[PDB]
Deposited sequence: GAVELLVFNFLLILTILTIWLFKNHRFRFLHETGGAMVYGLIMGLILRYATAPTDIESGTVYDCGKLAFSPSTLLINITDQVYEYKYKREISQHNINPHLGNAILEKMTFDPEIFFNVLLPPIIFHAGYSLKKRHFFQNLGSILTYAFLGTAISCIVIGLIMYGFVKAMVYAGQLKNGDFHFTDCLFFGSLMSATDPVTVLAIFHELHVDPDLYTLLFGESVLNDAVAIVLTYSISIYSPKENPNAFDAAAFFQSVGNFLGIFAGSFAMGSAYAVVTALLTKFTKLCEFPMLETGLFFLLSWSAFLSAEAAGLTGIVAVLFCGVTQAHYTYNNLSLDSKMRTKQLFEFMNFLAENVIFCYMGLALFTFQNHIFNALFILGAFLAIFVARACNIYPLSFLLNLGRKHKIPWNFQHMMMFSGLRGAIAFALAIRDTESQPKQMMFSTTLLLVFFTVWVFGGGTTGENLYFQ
């Protein structure tokens, strides 16, 4: 694994250079999915040293900046809608299984347990490209906050919800519900406890006179909450650190006054390496030869179902919210990408079932298809408002 890491960096200068050079083009690392892969089709196994378990420990730093960048402009404005969109994860899962179940059934003119697994897997929605486009336009703040809040909550629900399905074993349905509620409640309680401990430590003790000591303690205490989840056996490790929203609510504002900018720059740099996760999408598309061995003709069943499922649970959910404004226009815009986190779930143990491989293959084509919406976003923005 000597020069394997070098290839990750070497291509990344090109990714950095693409953003600066192609700043005004019609339309960064996602472009290399087609051209770059074929040249190396002939080190392939080593470029695959990528360990799934270690993929779920470099993601929490990505999640932390998402929860550390809240502007507190939606806690009393659109928080209720976001909490209403917590049921969207259940809504997407129960509707995706509605159509995809008939998909492979009509293929033969195998169990239902993995059908639920795919539905909960696809529920993640992280339109980072759309959010970046909205931010640079510095417009529609109401849509900016509401969409961003929905994007960081469903994936947190998705990771917790899919685990209970994987351990479903009959009745025993309430056992899976208890595991879902227990893990999610435990993740929030213990995860926020470390943030509270960090907040109270810097609220009374006059440690703010040492900018590095508070900076180092802040990173260690925040990372300890994520680490403690695996030690105690409580799963949802991604959701544990995501609950550090209260960390930016109390610890940031209490007495820092110097590391306020330092915390962002140190942590956004970790989030600035999100192209590595972006690069990993195409990496498993060709390097992991066995992963995409099937590429079966089940795409059309998932292609039609993945958009109609989102279509049939955005307006009805917003219709209920409208009973108790919203411009009646934002629901069309809502339908963005299909989740950055989503890829990691499809690579869980990678061969548990014969169809476990083809879920990743279907997900790979999703990333190669839905990303055109990110490019066709400026035109869509001016189309409506």
* Deposited-sequence segments unaccounted for in the coordinates -> 1-3, 31-34, 50-103, 171-179, 241-249, 404-408
